[PDB]
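Just one chain follows, in the form deposited in one PDB entry, and it is written as C-alpha cells.
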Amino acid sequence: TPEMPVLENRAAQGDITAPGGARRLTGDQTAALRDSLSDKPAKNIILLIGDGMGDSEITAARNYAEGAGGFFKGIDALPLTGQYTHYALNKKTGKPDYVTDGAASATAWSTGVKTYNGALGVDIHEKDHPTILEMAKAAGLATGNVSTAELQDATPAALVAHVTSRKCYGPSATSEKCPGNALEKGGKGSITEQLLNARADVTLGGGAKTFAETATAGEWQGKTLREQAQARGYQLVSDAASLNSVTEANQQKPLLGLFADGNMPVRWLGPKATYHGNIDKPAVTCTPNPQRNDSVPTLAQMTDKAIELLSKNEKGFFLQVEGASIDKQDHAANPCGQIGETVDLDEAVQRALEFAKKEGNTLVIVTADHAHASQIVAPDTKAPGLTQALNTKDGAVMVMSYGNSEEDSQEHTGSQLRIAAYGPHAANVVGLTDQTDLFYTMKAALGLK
C-alpha cells in the first residue's frame, strides 16, 4: 500500500529562539513508525551512496544550504535510521583494518564479504564472489549503475568487476597490476572489459577516456573498447540531449552513457581551505561552477532517466546511484565543492523517493561507504590544518576544518555512520549493523537466491 510515509517536514517548527521553536517533531511517531514497517517483498531497489558522506558531511551541507534548523527534502526524509560499521581487512593477517577505502567497502555491500583495501569483487584470498547486480540480472530483473565518477572508479566498478587492484582500469594497467586478471593471460579482463561483459541495462557516468584503449586479446582484439561497445549493441550517449532521446534500454539495447573524459565536473566553486583561513581570510560564498557545460547531465537528471527506462521491466529493477565527488572534494579540502555535491545527491534522492512513494514496492537506501576528514568547528578556531569560513543560509558564519593529513590529500576516517531507508524491509537498517548486512538485506528483499 502507498500508505508507508516518507518524512514530510523535519525542519524546525518555528522561532528557534523561542521554547519549542527548534522542535522538528510535531507529535508522536509511534504510529507513523508502525506504518513504515513491512516485510512484504520489495519489487525494486534503489541504493544511493554519497561517497564519504559521514554525518559530519551531511550536517555541514545542511547548515550551509538550508541553515541549521533546515531539512534535506531527500537526504533527511527517510523514516528509518541506524548506524553501520565499515572496517576493512588486512590482506596478510586477515585482522581488521579500521579505515577502509572506496574498493573494500563497495565490495562489502556488493558481495557480503569483507576484503582488503584496493580489491574489487574478490575476498582476501583473491577469490571472486558474485555481486548483487550480477544476481539481479540472473533472476531476470533489470539493472542500472549510475555515478558522477569515472565508471572505472571503485564504487561503480565493484558491481561489475572482479580484479585484485582498483588500479586496473583498462587493458594496459591490468597487464601490469592484475596480471592474473589480464585478458591475454587468460583473465576475465580489465575493469572496463568486465563492465562491457556484465551488460547491465543502464550504465551512466564518466570515464570515456579508458574506453579509448584497444583490447589485447579476445574477439575484439585490435578494436578500442568504444568500438567494441558499439560492436556489441550498446547505445552510446555523451550529453543530455542524447540521453533524453533514448526510449529503451534492455538486454538487446543496453544504454551506455559516457559524459566526461574523467570524472564529471562539480556543481559549485569555492577556493581551497587554508592554514588559518578562517581567521586571515574573509567568509566565502559558493558560486556555480563556470566549467560545468550546460550539456553534461546532472545526477538527478541521470537518476530520473534511469528509473524511467528501468521501470519498464515488469519483473523489477536494481539501481545504484552515487554522488561521487563529496569524497573527492573532501580529499581536496574544498568546502564549496563538497557541499555542492551533497546538494546534488539530495536532488537525486528526491527523485528516488518520488518514484518510491507512488509505486509502493521499492526499497530506497541512502548512505556512504565510509566517513571522511571534514569537521564543523567554532569560528574563532586556531587549527593546525586547513580551515575556511562560509556564509550559511542562516546568514551566519560556519567554519570547516580538514586536519588529519599534512599531505596534499585529506584522509578518510573510520567512525560508524548513518544508514537510512524507506520501504519494504527497511527495518533491517535500524540499530547497529555492518556494511555487509546491507548485501544481505537487499538480496532478501528482492528474494534472490
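Residue numbers here begin at 1 and follow the sequence given.
Just so you know, the form deposited with a partner chain bound exists too; it's not on screen, but the next bit is about it.
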The partner chain: the contacting residue among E347, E184, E227, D101 in the bound PDB entry [heavy atom, 4.5 Å]
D101
Would you kindly say which of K177, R232, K357, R199 lies with a heavy atom within 4.5 Å of the partner chain in the bound PDB entry?
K177
If you check in the bound PDB entry, do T155, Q301 and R351 all have a non-hydrogen atom within 4.5 Å of the partner chain?
no
I'd like to check something about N361: if you look in the bound PDB entry, is any of its heavy atoms closer than or equal to 4.5 Å to a heavy atom of the partner chain?
no
Evaluate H331 for contact with the partner chain in the bound PDB entry, applying a 4.5 angstroms cut-off between non-hydrogen atoms, and reply yes or no.
no
Contact flag, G337 vs the partner chain in the bound PDB entry, heavy atom cut 4.5 Å
no
Indicate whether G118 is a 4.5 Å heavy atom neighbour of the partner chain in the bound PDB entry.
yes
